[PDB]
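Chains A and B, in that order, are what the protein sequence lines are.
Sequential numbering from 1 applies to the first sequence in this note's numbering.
Sequential numbering from 1001 applies to the second sequence in this note's numbering.
For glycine and all other residues, C-beta sits at the position ideal for the given N, C-alpha and C.
Below is one structure, written out as structure tokens, with a few remarks after it.
There are 2 protein chains.
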Amino acid sequence: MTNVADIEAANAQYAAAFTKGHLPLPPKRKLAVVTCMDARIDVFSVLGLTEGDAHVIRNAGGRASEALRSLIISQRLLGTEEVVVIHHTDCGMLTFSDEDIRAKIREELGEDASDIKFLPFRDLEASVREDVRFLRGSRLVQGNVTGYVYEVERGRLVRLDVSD
Amino acid sequence: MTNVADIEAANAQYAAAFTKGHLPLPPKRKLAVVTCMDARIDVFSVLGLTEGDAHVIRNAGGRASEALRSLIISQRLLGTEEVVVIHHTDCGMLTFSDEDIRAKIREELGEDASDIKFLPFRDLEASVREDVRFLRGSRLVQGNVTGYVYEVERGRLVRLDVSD
Ligand SMILES: [Zn+2]
Ligand SMILES: [Zn+2]
């Protein structure tokens, strides 16, 4: 109850103590992060970023196909040179198919979403390899791509070896 | 100049102090936030969120059209009931046309991107109004939508009144 009132109250405390007003547009680490919208992940705390360090791109499952527009802008307009892709344990995108979510939209809203692809995946590590390989194969992405699993159970980032 | 070594070292410190392993999938505030990938914005600090409070969806310019997949999953599978859309001052998406970025891709990569739409906007407040009205008009989004501008120069969230 009162989300808008609470975030505006918290913001007033943040703004009172804020001195980071001079930070420039290009990220200092020339880095873009692609990860899940998952509420339990604070990317800045997990990776030790401060304001101005890295682009942080977030979507349901941290899918690289959807991140690509954001990555091209990140690199071509704002100078980033590197991408990290982070999926996580206990991701919602493991727990349904396109058919299951289309059914839930019909059941709850009475709407047809048969032509929208929701990009769920069947295996966590396979999803990271598919995404990293996708970005390595793109002619529109420059630089090294690294894949990780974040363990929501212990706060650990686990780097994955992705062959090819 | 060793991004992967730096974030792995910082993560090892974060994991040593980590207590939050029992948090569940559904966000506690039943809230999804849509904002820019901009490096200077730590959404958790700006809004006073803790791990497990709100979904955080981020893309170049915080465009609601691209967030829609993520919002539908957030609401239908993970129980969120409300959306906040935050654009920001000094956003890169104000500073180019699709034809300007297509030129940079030709100059730097020697690639043609004439079939990709990058979704820049011409006016910051109009961009927030368009994105809020887009989500309010969608038959696949339930609940209240609020628009904000985040002022990168002063750390201030400014709520916009958006009609019809
Ligand atoms: Zn997830
Ligand atoms: Zn921006």
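Proximity of chain A to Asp-1042 (chain B) at the Cβ level (cut-off 7 Å) is accounted for by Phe-44 and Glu-51, in chain order.
The beta carbons of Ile-1057 (chain B) and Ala-1016 (chain B) sit no closer together than 8 Å.
If you look at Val-1141 (chain B), you'll find it isn't in any alpha helix (DSSP H); DSSP assigns it neither H nor E. For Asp-123 (chain A), the closest of A:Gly-92, A:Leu-49 and A:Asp-53 by C-alpha to C-alpha distance is A:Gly-92. Distances between the C-beta of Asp-100 (chain A) and the heavy atoms of ligand 1 are all 7 Å or more. Relative to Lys-1028 (chain B), the option among B:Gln-1142, B:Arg-1102, B:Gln-1075 and B:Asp-1161 whose CA is nearest is B:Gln-1075. Residues of chain B with a Cβ closer than 9 Å to the Cβ of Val-4 (chain A) are, in chain order, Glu-1082, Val-1084, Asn-1144, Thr-1146 and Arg-1159. Following the DSSP letters along the chain, one finds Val-1162 (chain B) in no alpha helix (DSSP H), marked with neither H nor E. Distance between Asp-1090 (chain B) and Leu-25 (chain A), taken at the CA atoms: about 7 Å. In the DSSP assignment, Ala-1005 (chain B) falls within the unbroken alpha helix (DSSP H) covering 1003 to 1016.
In this structure, the alpha-carbon of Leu-77 (chain A) lies about 8 Å from that of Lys-1104 (chain B). Beyond the five residues adjoining it in sequence on each side, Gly-1052 (chain B) comes within less than 8 Å, by CB distance, of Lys-1020, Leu-1023, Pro-1024, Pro-1027 and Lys-1028 in the same chain, given in chain order. For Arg-133 (chain A), the closest Cβ of chain B is not nearer than 8 Å. Linking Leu-1071 (chain B) to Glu-1008 (chain B) through their CA atoms gives a straight-line distance of about 30 Å. Among the residues of the region 85 to 96 of chain A, those with a Cβ less than 9 Å away from any Cβ of chain B are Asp-90, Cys-91, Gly-92, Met-93, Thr-95 and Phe-96, in the order of the chain.
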